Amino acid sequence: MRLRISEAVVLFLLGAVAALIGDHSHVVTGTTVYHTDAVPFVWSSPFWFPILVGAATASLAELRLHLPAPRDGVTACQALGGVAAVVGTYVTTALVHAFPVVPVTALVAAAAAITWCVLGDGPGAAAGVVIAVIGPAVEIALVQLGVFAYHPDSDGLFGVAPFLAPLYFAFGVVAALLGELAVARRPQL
């Protein structure tokens, strides 16, 4: 693989911490509710949740490095700004989840579009699309299995929130950027 193990671990941990903050926000606001008492929880989340998101973060970063022309000009502040945009968008969905589906979903889509315009490229959008499909699909399956549920006013996408599509998209764009950064920041001559 193109990421070094240490880089993959840092990205995994980054994704895990951001996931725990966002998922705690969803749980405490009632955006989601878990129904899986048999597993160990970490904060408000089943232990496998930050592992799934952390693994997705490292995986999408790796994916970008297999797509054409990773950008060598990516900076730490672009990456910090991107992580902040995704986390801010994530927690915002917790704050506004009880509002009507159209303005809520449009707001998240606007945040995701702006994130991509500022920070992303073509391959980054591709990674964004991959997880914007896979992310919600995994959630839909987990919800049908009774593992957790969304609030009834935020479950319009086959049991899950429509805002997941642009939320995951923005996540993929930023994870891709993190992969580019991991390579770019290596020692140079």
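Note that residue numbering begins at 1 and tracks the sequence as displayed.
I need to verify one thing: averaged over C-alpha atoms only, is the B-factor higher for 86-94 or for 67-75?
It is 67-75.
Between 167-175 and 7-15, name whichever shows the higher mean Cα B factor according to the PDB entry.
Going by the record's values, the stretch with the higher mean is 7-15.
If you rank the chain by CA B-factor, which third does residue 28 end up in: lowest, middle or highest?
Residue 28: CA B-factor falls in the lowest third of its chain.
Give the position of residue 125 by CA B-factor within its chain, expressed as the lowest, middle or highest third.
As the PDB entry reports it, the C-alpha B-factor of residue 125 lands in the lowest third of its chain.
Lowest, middle or highest third: where is residue 156 by Cα B-factor in its chain?
Highest third, going by the recorded CA B-factors of the chain.
Considering only modelled residues of the same chain, in which third does the CA B-factor of residue 146 rank: lowest, middle or highest?
It falls in the top third of the chain.
Which third of the chain holds residue 46 when residues are ordered by C-alpha B factor: lowest, middle or highest?
Residue 46: CA B-factor falls in the highest third of its chain.
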